[PDB]
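Please read the structure below before turning to the comments.
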Amino acid sequence: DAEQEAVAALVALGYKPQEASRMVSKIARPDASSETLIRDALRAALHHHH
Amino acid sequence: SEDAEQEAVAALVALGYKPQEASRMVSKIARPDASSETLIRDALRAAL
Amino acid sequence: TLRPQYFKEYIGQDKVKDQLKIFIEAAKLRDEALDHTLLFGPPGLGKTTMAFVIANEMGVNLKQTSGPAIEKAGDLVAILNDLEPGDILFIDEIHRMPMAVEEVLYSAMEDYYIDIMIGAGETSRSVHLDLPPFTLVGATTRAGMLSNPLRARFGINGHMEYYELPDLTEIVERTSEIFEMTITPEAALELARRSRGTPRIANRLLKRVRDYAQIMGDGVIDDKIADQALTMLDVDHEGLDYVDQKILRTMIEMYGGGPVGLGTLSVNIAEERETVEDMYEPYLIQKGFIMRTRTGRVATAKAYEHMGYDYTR
Amino acid sequence: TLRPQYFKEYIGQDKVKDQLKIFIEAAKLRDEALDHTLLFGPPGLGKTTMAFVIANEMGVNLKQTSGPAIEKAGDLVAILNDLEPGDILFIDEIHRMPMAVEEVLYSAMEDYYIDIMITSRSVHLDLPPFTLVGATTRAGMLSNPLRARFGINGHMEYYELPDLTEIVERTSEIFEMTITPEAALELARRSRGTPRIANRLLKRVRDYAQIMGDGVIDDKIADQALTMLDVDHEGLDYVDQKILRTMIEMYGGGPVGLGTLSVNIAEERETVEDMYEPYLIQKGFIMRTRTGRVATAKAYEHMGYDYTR
Amino acid sequence: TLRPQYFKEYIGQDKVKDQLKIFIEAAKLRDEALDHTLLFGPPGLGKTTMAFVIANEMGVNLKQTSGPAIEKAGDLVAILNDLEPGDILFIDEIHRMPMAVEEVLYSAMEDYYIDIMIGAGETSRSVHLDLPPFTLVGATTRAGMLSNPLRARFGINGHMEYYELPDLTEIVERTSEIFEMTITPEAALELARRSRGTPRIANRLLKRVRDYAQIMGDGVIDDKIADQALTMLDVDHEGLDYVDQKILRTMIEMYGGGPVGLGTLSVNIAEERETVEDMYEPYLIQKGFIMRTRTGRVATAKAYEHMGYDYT
Amino acid sequence: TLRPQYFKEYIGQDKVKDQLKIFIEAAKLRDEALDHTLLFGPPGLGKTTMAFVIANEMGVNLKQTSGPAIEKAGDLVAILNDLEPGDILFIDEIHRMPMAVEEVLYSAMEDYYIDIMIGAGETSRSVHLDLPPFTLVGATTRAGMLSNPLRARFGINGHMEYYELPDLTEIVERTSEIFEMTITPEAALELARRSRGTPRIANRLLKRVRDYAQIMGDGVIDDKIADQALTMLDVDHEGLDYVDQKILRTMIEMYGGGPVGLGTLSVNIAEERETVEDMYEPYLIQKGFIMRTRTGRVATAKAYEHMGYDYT
Amino acid sequence: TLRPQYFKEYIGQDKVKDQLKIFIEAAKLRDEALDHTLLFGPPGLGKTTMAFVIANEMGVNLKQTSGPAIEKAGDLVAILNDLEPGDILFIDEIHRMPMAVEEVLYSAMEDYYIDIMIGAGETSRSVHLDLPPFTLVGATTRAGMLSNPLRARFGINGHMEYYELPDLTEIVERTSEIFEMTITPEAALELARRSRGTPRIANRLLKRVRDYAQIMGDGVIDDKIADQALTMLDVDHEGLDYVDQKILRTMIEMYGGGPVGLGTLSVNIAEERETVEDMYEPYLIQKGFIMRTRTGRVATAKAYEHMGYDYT
Amino acid sequence: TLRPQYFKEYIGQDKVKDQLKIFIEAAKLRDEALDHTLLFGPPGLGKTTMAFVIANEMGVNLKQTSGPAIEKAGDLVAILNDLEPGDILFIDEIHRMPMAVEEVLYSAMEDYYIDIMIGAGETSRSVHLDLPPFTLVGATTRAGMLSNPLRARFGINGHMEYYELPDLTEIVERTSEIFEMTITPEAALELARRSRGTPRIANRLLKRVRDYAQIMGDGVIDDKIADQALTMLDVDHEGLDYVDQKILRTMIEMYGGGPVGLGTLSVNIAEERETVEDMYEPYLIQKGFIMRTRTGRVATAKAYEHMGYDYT
DNA sequence: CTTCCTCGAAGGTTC
DNA sequence: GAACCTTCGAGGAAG
Ligand SMILES: Nc1ncnc2c1ncn2[C@@H]1O[C@H](COP(=O)(O)OP(=O)(O)O)[C@@H](O)[C@H]1O
Ligand SMILES: [Mg+2]
Ligand SMILES: [Mg+2]
Ligand SMILES: [Mg+2]
């Protein structure tokens, strides 16, 4: 159920449902929570710079 | 060469070019061994 | 061509022309490019013409484009790659550049490089493109709407000004020599006096007098022919049109100088509100013939003495 | 036809007509194209008519468009691509073109080339020598950089009684209706100085003579027809007379405010100011003052009242 | 029906009606379309009604639309070119068209053609579109809001005027026969004199009297029922409403006739400044009960002899 | 429920009720929809409540919306498309509608149709939307803002009046029974004299007194509880607030009753110029405490005795 | 946490607390919600805190939003559908809510139902929502910026005033007890007088003086330290802010004391009109530094002797 | 140095710099994050530079972004998720971010967590995310433009201000060494005076004088050369630019010092009226050359004597 | 970018 | 000379 919850949370943050699905779908961890997924889906998409 | 090909195409996309047109622009370059800088330089140069 | 090509030929603008010469000579005394330059002034004073002279005097090639023609970062970057060491890039109406491109120029001007960021997360990387030294020259008519971070990068400023009778006359003399027509110096002075200090107006008047002189005369512009031509046209010796005279005459004869509102004046001369405020009123203010007040327009003593009517406070 | 075709047919406008003849002859003698011309002035004076006469006198084929139709640069670029050497492009109501399009014109007028971006791509055009003619009623609405590029400015003026009399007779012969010289003069006085208004009266008077008369316009029919239309010999309408009468008999000549006067005649405020007062002020029947407007001595004599300062 | 259909039935407007008869007859003898017509003037005087009468007398089909509906040039360009030779186009509330759309009519009205841009991209091209002979009819309350170049193109101008008591009495009697009620000639005049000169108001009063006569009466309108019903509506023999009477009374009893300012008068009657100046004051001035002066409003002698005081 | 549901429960407004009864009964006999009606006047007097009563007496469903909710003509067309034969449409704050949408009702009210443009935009044409029979009810606080052509189409006009003490007292009693509270007739009269003639104010005071009377009273609204509770709420025995009292007191102690100008007085009370003229002064004039004069305004004898000073 | 949570902890505002206690208690005997309440006055006096206290005393949940955060009618519908029976909705900056949305609150407050149109084109349809009982608490910095239709629907009003020296002293002593800190009575009284009568300023300054007493002292707040710390900050002996000093120094020097309008002054001091009118002007006027005049504000003699100028 | 790392190396801003030192080390003694800090003042004074110094003195890695770079709430949450305990987040033009961000930033700054609500009707849940301690540093060009409830969360205010003559001479001297230009103390002071308080202007003038002195002299910037170079640049000894002299010179010769309005003035000299009242008038009024009378601008006595005109 | 409208100034009368 | 009333004119924020 955390899969849909994470996507629903990202939709609230302004991500499109299609992109939120693709973003969350890139991550895979059956035991991850909606919170730990969100903390990963965002880190994977933000462009870090040095 | 996929590293330079992907970098040149992705960097060209960051400049506002469309993915298709960016692919065509880079696809016109022959030399694969040249660096992304040379690839983007020539790609932008040819489109001028 | 009509446009001058070198400082030796460029008439007037001695203030800006004198300053630029010192900066250009100091740049040549070093293996360096000229500082970024911005040109200010009203329409029609040579802002376009001056850019070419700077390039020729620098011994460099000139690249030319316009603000509206640039809409994506790649446009500017692609043009910037074309620049050889020391090349001059001229951007017209630089104030119309979109923010999407305006924001890219800062690192170019200050560091001569662009650093294109790409990727995301662990794939986040950037590519650094070295740019050869160059000098950006901008021209604008509405400087007040530029952003402050851009204005902070320009190191040289030039304010254009209206030409004056001793030099505006020489532009008529020279232009009359491109056509195959002889003109007396006294006639050229009469044309300059009415050109409002603007080169385009002087050239337009000369073309109109040329047609008359070769159809209603012997094809020579003497003082006698000039008076007839300038009598067929409405332009008075102060440069006032027929309607300009009608406005002043109306205010003095019917309202005793005012104050009078814009709407009331428009219906008396049978013109649109927008036309009197934009076509005719601006020059009357600069010449000092009328003032604008919270209660309406009012005529000044300077206007009374020109029309030839008695004046009393 | 109603529209004159050559300067020999064009009555009046002696100032503008004289200048255009000199510049047209000089251009032909040099085999060059005429400079860009701007025509402006009040409605109904002849701006559109003069544009066609210029083309006929130059001996060229005229391209015609209008400002409201040009919505995007692609529209104007297609039109400009069809121009050949010496062609004349006429744009009516030029004040409506979006300023995004005027900026494309700044360079095309001076250097005769177009180098612009237009699914987006670049486009380049080299233009042959051509003459642009613009006509507008709101000249002040054009940008200062555009007005500075026009080389000829023609400002239209109102006509005089002798010119209008000659125009009325010319139009009467097209309708093949007989009219006397003194009858034609009585219509001219009522035409407010405008050729279009003079033609409108003639059309209405003709309709009366065909139904209530013998199909001939004479000093007797004209007086009856004009009384049915209720147009004074100074050209004042029924409502115009009601305004002056109300001011003299209820406010002693004024001053009175626009709001007070409008409600007293049962008229809308915007209609009195924009449709009736302009002619009364230009003829000198009313004057505006800081406290209101007052009827002048000319109004008293016309209405038949004893003036007292 | 409640709207007249021919000049035989259109009572009043002698000036406008007489002119249209001559111009319509002349147009038929020459076998050509009627010139463009603009109808303007106060509300409820018969502008819309006359537009249909013209179409019937000309014997052609009438196409109808309104200014508020036309919002872009595409709409007007589509209405045009759907016209047949001799059609009549009627636009109501013509003052609402955008000025960018009015300027398209300039060529159509004078020269029967319009310039259009067609296609896209490289196929973009201009073309002339040519129109058959037609007559445009406009109706508006705000003629001063139209552009000067547009008003100059209308060839016929009709300014409507208020009706007189003989004409209004006949209109009431005609309407009384569309319904099934008998009305005495003496009672018909009693309504006409209270209708402020407007046909719509005369019809409204009759409808209200009909409802009273068939509830509190025997279904017939006579001087007795009319007098009673008008007492319930509280409309005096001059047409003054309840609030109109209160204004005049207060001016004569507290300020001795004035001068008094609009604000001071509004607060004393518990009305607001805008309702008094826009709803009630306009009719009181046009009928001569109030006079406006630099110092304020003043009650005239006609008001004193109407309210029953002495003009000392 | 607080809102009256039928003409038998609706206290006051005798002039408006008497007329509406006759017009509603006559409409039923003919089996037709009721004519359009406009309700206007001060806030809180019962305009919205009267609209619901009319719907119940006619026996139809009431659709409800408001002027400021409509922003473009598309919204109005959607609302009218939902109408069913005989429905009543109530529009609150009708004067807030934009003029461009107000002019669309002109045809709907007189002829029951609307001109609408249809099609994708490349090909399009106008068509008549035909509306069923319906009754429009409008309510507004300032009828003077409506255009003349709109006001002329309403067939019934209802001007609301402030309530008198006899009727306003019955409203306080009626409300007490719904709240299951006991109130002595002397106490009901006290609340009425302080309610400025407005039912909305009377109900608000009763709710606050009821809370006080049961927390530190003995559960009954006696004449002594009301006096204490109304002191806490800061409502004078004439309905004046502390700001109103400050104005009157200053005029008596610092100017001997005036005359004094509005600008001078406003500064002496630390109040904004326009607030005093629009928010506080109107009630003081209507009640007779202040009088405007050509040289300023003066406090009358009534204002002196109410404060206890000596009149001279 | 510093925020009080019950009426026993909330210091000051005796006039407001006394009324809320009665109404909240009376609303507990009956099993119903509290009436809608409007709180207004200067910023930082504690009106947001009162909303939390009201919720805790009733024993219900609190939801919080602001006028600017609601952009369209659909936003409010989503919020109102998420309220349980008896919940409290708190709306800050209520005076900035969009007019098209404010019209929807009137119905929800007065009748507890919402009529809304949903969908588009042929799918456009109405919805009727029936809401559970709830209490709206509104907060505004401007007493008179609300519309009269809105202000009339609130059943309870509370004007909040600046705190006096004894109250702020107790608030400073309480705050210095939540933090691990020690303060002498002499220092607490000094800091209170310096705190512009505002609790938010008092708490903010205490946090800063605490830091100075540790680095530049022995970790204890004494009058000798408090004086130095407050003089290192810009806080004047009278508590005037840097903005306050600019205002007074500009009026006395650029206008010779005035009069000057606050509108033109706003742009000369480079401060937003609404901030200077609502945050700063009220204190300077209420404490006698600035006085009102017909033309505008003028600096009093007290201001001249404070800034050290000569009262010429 | 010109690009300092620690406060001892930073030139000027002694007031702001002295306050930060106490707060920075005080936070270290308690081993906790620093309070949120708001920097404000004119542009180009060194706000961005100071943010790096604060990070070094704390001993933390700086993270940087800007208001316009944030477009949706998720953007900020992502950045905040990438934070490490003690990190400092710098936001330039913090007032430009959309309100949808501020709604989340509040609880982030105050509670160090965010609670994204989800579900509707019978479904209602949230996701609760823990955040490590951090310090927010914001910089703006104005104070009043910041959201009121946001401005209350910042605990430290840093008012930046224009540099004094001693500081500018030191900056000029350091910059000259980078160019390898030899400049005497008198020449450095002359440039400092005319740079009118801003380092960017001081750098620009020095570069230009270098070019002149390298050609019109021996590469040594002497006082005699510096004064000649400045007259060639047309820079007045009071720091008035070319256009500034034109405004003053125009008022004296064409209007006798005025009064004259901004509309007329902006038309006489070919300029955009906004530019004059925004760029040039502020410096001329602050220095006492121009006064903003209600009738219009007027030239003061200083301007007459400064420009070299005999006063009236 | 434009129209509306509202805020301000001032002419004139009276006590 | 203080207080009322009417009329005109130019901005600016709500479309
Ligand atoms: N009576 C009081 N007792 C204790 N603390 C108070 C009191 N009033 C306000 N405060 C404190 O001061 C601050 C006031 O903030 P808030 O109540 O939000 O102000 P407002 O809502 O008026 O803008 C809070 O920190 C609050 O705890
Ligand atoms: Mg140029
Ligand atoms: Mg034409
Ligand atoms: Mg009609």
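How things are named: the first chain in the structure tokens is A, the next is B, and so on; residues count from 1 in each chain; ligands count from 1 in the order shown.
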
Original post:
Can you tell me, as a ChimeraX atom specification, what residues are no more than 12 Å from residue 10 (chain J) when counting only C-alpha atoms (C1' of nucleotides), ignoring any on the same chain fewer than 5 positions away?
Top reply: /C:261-263,292-297 /H:263 /I:5-9

Residues just named, written with N, CA and C atoms (P, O5', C5', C4', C3', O3' and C1' of nucleotides) as a PDB file, in the first residue's frame:
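Final output, part32.pdb:
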ATOM      1  N   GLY C 261      -7.703  72.307 -19.932  1.00  0.00           N
ATOM      2  CA  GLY C 261      -7.547  70.871 -19.942  1.00  0.00           C
ATOM      3  C   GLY C 261      -7.288  70.309 -21.325  1.00  0.00           C
ATOM      4  N   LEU C 262      -6.687  69.120 -21.334  1.00  0.00           N
ATOM      5  CA  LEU C 262      -6.360  68.450 -22.588  1.00  0.00           C
ATOM      6  C   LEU C 262      -7.600  68.184 -23.429  1.00  0.00           C
ATOM      7  N   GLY C 263      -8.682  67.726 -22.800  1.00  0.00           N
ATOM      8  CA  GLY C 263      -9.901  67.450 -23.543  1.00  0.00           C
ATOM      9  C   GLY C 263     -10.528  68.684 -24.162  1.00  0.00           C
ATOM     10  N   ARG C 292       2.884  71.749 -18.013  1.00  0.00           N
ATOM     11  CA  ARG C 292       1.763  70.926 -17.585  1.00  0.00           C
ATOM     12  C   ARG C 292       1.573  71.065 -16.082  1.00  0.00           C
ATOM     13  N   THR C 293       0.340  71.351 -15.677  1.00  0.00           N
ATOM     14  CA  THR C 293      -0.012  71.585 -14.288  1.00  0.00           C
ATOM     15  C   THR C 293      -1.188  70.698 -13.905  1.00  0.00           C
ATOM     16  N   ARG C 294      -1.342  70.485 -12.598  1.00  0.00           N
ATOM     17  CA  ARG C 294      -2.445  69.679 -12.092  1.00  0.00           C
ATOM     18  C   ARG C 294      -3.797  70.204 -12.550  1.00  0.00           C
ATOM     19  N   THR C 295      -3.868  71.467 -12.961  1.00  0.00           N
ATOM     20  CA  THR C 295      -5.105  72.092 -13.403  1.00  0.00           C
ATOM     21  C   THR C 295      -5.218  72.182 -14.922  1.00  0.00           C
ATOM     22  N   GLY C 296      -4.218  71.715 -15.663  1.00  0.00           N
ATOM     23  CA  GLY C 296      -4.213  71.779 -17.109  1.00  0.00           C
ATOM     24  C   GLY C 296      -2.962  72.443 -17.645  1.00  0.00           C
ATOM     25  N   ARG C 297      -2.878  72.479 -18.972  1.00  0.00           N
ATOM     26  CA  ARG C 297      -1.761  73.109 -19.658  1.00  0.00           C
ATOM     27  C   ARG C 297      -1.845  74.626 -19.556  1.00  0.00           C
TER      28      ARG C 297
ATOM     29  N   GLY H 263       5.734  64.767 -14.272  1.00  0.00           N
ATOM     30  CA  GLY H 263       5.362  64.526 -15.658  1.00  0.00           C
ATOM     31  C   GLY H 263       6.046  65.482 -16.616  1.00  0.00           C
TER      32      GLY H 263
ATOM     33  P    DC I   5     -16.946  53.029 -13.164  1.00  0.00           P
ATOM     34  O5'  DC I   5     -16.121  53.874 -12.083  1.00  0.00           O
ATOM     35  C5'  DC I   5     -15.319  53.216 -11.102  1.00  0.00           C
ATOM     36  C4'  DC I   5     -14.437  54.215 -10.382  1.00  0.00           C
ATOM     37  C3'  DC I   5     -15.213  55.397  -9.796  1.00  0.00           C
ATOM     38  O3'  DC I   5     -14.716  55.805  -8.524  1.00  0.00           O
ATOM     39  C1'  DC I   5     -13.532  56.192 -11.195  1.00  0.00           C
ATOM     40  P    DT I   6     -15.162  55.032  -7.190  1.00  0.00           P
ATOM     41  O5'  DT I   6     -14.169  55.587  -6.062  1.00  0.00           O
ATOM     42  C5'  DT I   6     -12.782  55.263  -6.045  1.00  0.00           C
ATOM     43  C4'  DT I   6     -11.944  56.529  -5.951  1.00  0.00           C
ATOM     44  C3'  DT I   6     -12.575  57.646  -5.101  1.00  0.00           C
ATOM     45  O3'  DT I   6     -11.623  58.297  -4.272  1.00  0.00           O
ATOM     46  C1'  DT I   6     -11.973  58.487  -7.180  1.00  0.00           C
ATOM     47  P    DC I   7     -11.233  57.673  -2.848  1.00  0.00           P
ATOM     48  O5'  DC I   7     -10.028  58.590  -2.329  1.00  0.00           O
ATOM     49  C5'  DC I   7      -8.770  58.592  -2.991  1.00  0.00           C
ATOM     50  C4'  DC I   7      -8.514  59.923  -3.686  1.00  0.00           C
ATOM     51  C3'  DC I   7      -8.669  61.151  -2.792  1.00  0.00           C
ATOM     52  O3'  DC I   7      -7.430  61.486  -2.187  1.00  0.00           O
ATOM     53  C1'  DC I   7      -9.287  61.513  -5.097  1.00  0.00           C
ATOM     54  P    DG I   8      -7.336  62.642  -1.076  1.00  0.00           P
ATOM     55  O5'  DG I   8      -7.145  64.003  -1.898  1.00  0.00           O
ATOM     56  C5'  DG I   8      -5.983  64.215  -2.684  1.00  0.00           C
ATOM     57  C4'  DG I   8      -6.213  65.333  -3.683  1.00  0.00           C
ATOM     58  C3'  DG I   8      -6.499  66.696  -3.059  1.00  0.00           C
ATOM     59  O3'  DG I   8      -5.338  67.517  -3.142  1.00  0.00           O
ATOM     60  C1'  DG I   8      -7.956  66.213  -4.931  1.00  0.00           C
ATOM     61  P    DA I   9      -5.314  68.990  -2.502  1.00  0.00           P
ATOM     62  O5'  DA I   9      -5.834  69.963  -3.660  1.00  0.00           O
ATOM     63  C5'  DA I   9      -5.081  70.101  -4.855  1.00  0.00           C
ATOM     64  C4'  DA I   9      -5.804  70.982  -5.862  1.00  0.00           C
ATOM     65  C3'  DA I   9      -6.059  72.409  -5.385  1.00  0.00           C
ATOM     66  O3'  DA I   9      -5.798  73.335  -6.441  1.00  0.00           O
ATOM     67  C1'  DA I   9      -8.120  71.351  -5.911  1.00  0.00           C
TER      68       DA I   9
END

Original post:
Can you tell me which residues sit at most 8 Å away from ligand 3, counting only C-alpha atoms (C1' of nucleotides) and all ligand atoms, written as a PyMOL selection string?
Top reply: (chain D and resi 43-44+46-49+92+135) or (chain E and resi 106)

**OP:** Please give me, as a VMD selection string, the residues lying within 6 Å of ligand 1 when counting only C-alpha atoms (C1' of nucleotides) and all ligand atoms.
**Re:** chain G and resid 2 to 4 10 to 12 43 to 49 171 199 to 200

**OP:** Quick one: everything within 10 Å of region 11-19 of chain A, counting only C-alpha atoms (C1' of nucleotides), minus sequence neighbours fewer than 6 positions away in the same chain. Send it as a list in words.
**Re:**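 Residues near the query, excluding close chain neighbours: residues 5 and 25 of chain A; 71, 72, 73, 74, 75, 76, 77, 100, 116, 117 and 118 of chain H.
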
Original post:
Residues at most 6 Å from residue 22 (chain B), counting only C-alpha atoms (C1' of nucleotides), excluding those fewer than 4 positions away in the same chain, as a ChimeraX atom specification?
Top reply: /B:9,17-18

Go ahead and write the residues just picked, C-alpha atoms, as a PDB file, in the first residue's frame.
ATOM      1  CA  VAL B   9      22.572  15.013 -26.122  1.00  0.00           C
ATOM      2  CA  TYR B  17      16.687  22.024 -27.583  1.00  0.00           C
ATOM      3  CA  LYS B  18      14.084  19.326 -28.158  1.00  0.00           C
TER       4      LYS B  18
END

**OP:** Tell me the residues of chain B close to chain C, meaning within 9 Å using only C-alpha atoms, as number ranges by chain.
**Re:** B: 7, 10-17, 36-37, 41, 44-45, 47-48

Subject >> Distance-based interface of chain H with chain C, 8 Å, counting only C-alpha atoms, as a list in words >> reply: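 The answer, sorted by residue number, is residues 200, 204, 208, 211, 212, 214, 215, 232, 233, 254, 261, 263, 264, 267, 268, 269, 270, 271, 272, 274 and 275 of chain H.
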
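Closest approach to residue 207 (chain E) among E:42, E:82, E:175, E:70: E:175, based on only C-alpha atoms.
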
Original post:
How far is it from CA of residue 111 (chain C) to CA of residue 7 (chain H), in Å with one decimal?
Top reply: 27.2 Å

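Inspection of the environment of ligand 2, which uses only C-alpha atoms (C1' of nucleotides) and all ligand atoms and a cut-off of 7 Å, identifies the neighbouring residues as residues 44, 46, 47 and 48 of chain C.
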
Original post:
Got a sec to tell me which of region 1-79 of chain E DSSP assigns to strand (DSSP E), as a ChimeraX atom specification?
Top reply: /E:37-40,62-66

**OP:** Around ligand 4, at most 12 Å away and counting only C-alpha atoms (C1' of nucleotides) and all ligand atoms, which residues are there? Put them as a PyMOL selection string, please.
**Re:** (chain E and resi 3+39-52+66+90-94+138-141+200) or (chain F and resi 103-111+149-150+152-153)

Original post:
Out of E:259, E:114, E:79, E:165, which residue has the shortest atom-to-atom distance to chain J when counting only C-alpha atoms (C1' of nucleotides)?
Top reply: E:259

Subject >> Spatial neighbours of region 38-50 of chain A, max dist 7 Å, only C-alpha atoms (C1' of nucleotides), sep filter under 5 positions, as a VMD selection string >> reply: (chain A and resid 6 23 to 24 27) or (chain C and resid 119 to 121 124) or (chain H and resid 78 81)

If you keep C-alpha atoms, can you produce a file of those selected residues as an mmCIF file, in the first residue's frame?
data_model
loop_
_atom_site.group_PDB
_atom_site.id
_atom_site.type_symbol
_atom_site.label_atom_id
_atom_site.label_comp_id
_atom_site.auth_asym_id
_atom_site.auth_seq_id
_atom_site.Cartn_x
_atom_site.Cartn_y
_atom_site.Cartn_z
ATOM 1 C CA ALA A 6 4.136 7.577 -1.739
ATOM 2 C CA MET A 23 9.856 8.402 -9.913
ATOM 3 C CA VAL A 24 8.534 5.975 -7.293
ATOM 4 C CA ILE A 27 12.948 2.754 -6.461
ATOM 5 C CA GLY C 119 21.826 14.915 -14.735
ATOM 6 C CA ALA C 120 20.200 14.169 -11.410
ATOM 7 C CA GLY C 121 21.190 12.514 -8.158
ATOM 8 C CA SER C 124 24.628 15.101 -11.571
ATOM 9 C CA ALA H 78 13.757 17.967 -1.519
ATOM 10 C CA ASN H 81 15.678 16.573 2.956
#

Per-residue nearest contacts of chain C to chain D (7 Å; only C-alpha atoms) as JSON lines:
{"residue": "C:43", "atom": "CA", "partner": "D:145", "partner_atom": "CA", "distance": 6.9}
{"residue": "C:69", "atom": "CA", "partner": "D:117", "partner_atom": "CA", "distance": 6.5}
{"residue": "C:204", "atom": "CA", "partner": "D:151", "partner_atom": "CA", "distance": 6.4}
{"residue": "C:211", "atom": "CA", "partner": "D:26", "partner_atom": "CA", "distance": 5.6}
{"residue": "C:212", "atom": "CA", "partner": "D:22", "partner_atom": "CA", "distance": 6.7}
{"residue": "C:215", "atom": "CA", "partner": "D:26", "partner_atom": "CA", "distance": 6.6}
{"residue": "C:267", "atom": "CA", "partner": "D:278", "partner_atom": "CA", "distance": 6.1}
{"residue": "C:268", "atom": "CA", "partner": "D:282", "partner_atom": "CA", "distance": 5.9}
{"residue": "C:272", "atom": "CA", "partner": "D:138", "partner_atom": "CA", "distance": 6.9}
{"residue": "C:274", "atom": "CA", "partner": "D:140", "partner_atom": "CA", "distance": 5.5}
{"residue": "C:275", "atom": "CA", "partner": "D:140", "partner_atom": "CA", "distance": 3.9}
{"residue": "C:278", "atom": "CA", "partner": "D:140", "partner_atom": "CA", "distance": 5.6}
{"residue": "C:279", "atom": "CA", "partner": "D:140", "partner_atom": "CA", "distance": 5.7}

Original post:
Per DSSP on the backbone, what are the alpha helix (DSSP H) residues of region 5-247 of chain F, as a ChimeraX atom specification?
Top reply: /F:14-30,47-58,73-81,99-102,105-111,148-151,165-178,185-193,199-215,223-232,242-247

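Across the model, the gap from CA of residue 192 (chain C) to CA of residue 163 (chain C) is 9.9 Å.
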